[PDB]
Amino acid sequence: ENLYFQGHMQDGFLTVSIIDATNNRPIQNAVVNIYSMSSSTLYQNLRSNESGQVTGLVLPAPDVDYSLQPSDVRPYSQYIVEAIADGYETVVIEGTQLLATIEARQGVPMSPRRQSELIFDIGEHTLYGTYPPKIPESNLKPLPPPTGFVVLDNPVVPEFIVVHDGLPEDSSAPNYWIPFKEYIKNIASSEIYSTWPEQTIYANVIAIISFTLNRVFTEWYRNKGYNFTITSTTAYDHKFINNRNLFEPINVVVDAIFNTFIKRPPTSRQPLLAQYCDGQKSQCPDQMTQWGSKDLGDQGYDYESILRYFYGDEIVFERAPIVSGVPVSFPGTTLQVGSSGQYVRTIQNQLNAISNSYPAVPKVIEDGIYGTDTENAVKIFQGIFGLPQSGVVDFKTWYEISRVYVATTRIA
């Protein structure tokens, strides 16, 4: 006797992206099967398109209401996604998590080669499952003295994070090189539900970035003699799940503010080691509660006041330099039809390169004039990587282009 009948299901959406793990190139015409979780078929023999994608799948998901309050019911569905493709070792993803009204994006990296298969398993979301609580720890850490290079004396967004999938002291756990923005998206997809108010996603993603960039900037684990940047566990850091699916509302937020962080006191060099907790299973004062920032989201607060409410009035928001592996930075003005010059020529040069791996991206004359041709290439590109198809190269589209350009021009 809930709102409806117990068992009621809504539509949540899915897009599957199949990429060759050795060169990041999309795989076309792979088979994609979907199953449920007891387990039975739902979709059979889906074929990936020329961008390696099968888009717009529709899958049942619990009532969205279960993800807007603390609940005993799992607020998301779990599915199995199977990718098969000739020449490639098959990949099964178990536990792909679907939220009603929202697009889940599942990435499938396949390696080239007989009867072996890769199984990635996605555990329970931290807001639902039970995970070891976060070992308490100080918010500010010691630093080496300033070398006087200012960019070196202050946080910069690295290009990669080296994640240790296990406790720090378990030397047998694997280390993965994750691109920064895919890292933050993976943490956020397990820490919050993307059916949450926009301003609440922003404020939680900035806490995640402050934390993560404090591990990077203080070189926490290297100066303790480990060969990694952060671990995947909830006790020392936050829950990272290799190849879990990301969510569209979270991806667009991160694309937009992935270099923004908290400083407290405002004179800090290092970003605040911003810590949180859900706020039902566990309390944590002087810090942020995930469920508590949802309330303030519901009550219409913006993100600077959500964070200032949990961490204090005096905090300031900083934007860190970004190493993207293209030695040009976004110039601070959106490029669009009409624009001209070297930044436009650089966009067109990157998109043409990308289009050798993603032929859906039509080619453009590389002349430095942002014409209809370029706006159409940017709209198709945006559409492939889950971005609003404004056809406009603002900050978030700039670094997404650089990210794919590098990912596909790296080994081949």
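Residue numbers here begin at 1 and follow the sequence given.
A chain break between residue 37 and residue 38 is present, corresponding to 4 to 9 residues of the deposited sequence without coordinates. Going from residue 113 to residue 114, the model skips 4 to 9 deposited residues, which lack coordinates. Across the two stretches, 51-59 and 64-72, the PDB entry reports the greater mean Cα temperature factor for 64-72.
The PDB entry reports B-factors from which the mean C-alpha value can be compared for 285-293 and 315-323; the larger average falls on 285-293. Take 108, 277, 272, 254 and read off each C-alpha B-factor from the entry; 277 has the highest. Highest CA B-factor among 211, 217, 180, 149, as stated in the entry: 149. When the modelled residues of the chain are ordered by C-alpha B-factor, residue 259 sits in the lowest third. Per the deposited record, the Cα B-factor of residue 350 falls in the lowest third when ranked against the other modelled residues of its chain. Among all modelled residues in its chain, residue 171 ranks in the highest third by Cα B-factor. Sort the modelled residues of the chain by CA B factor and residue 359 lands in the middle third. When the CA B factors of the chain's modelled residues are split into thirds, the value for residue 96 lands in the lowest one.
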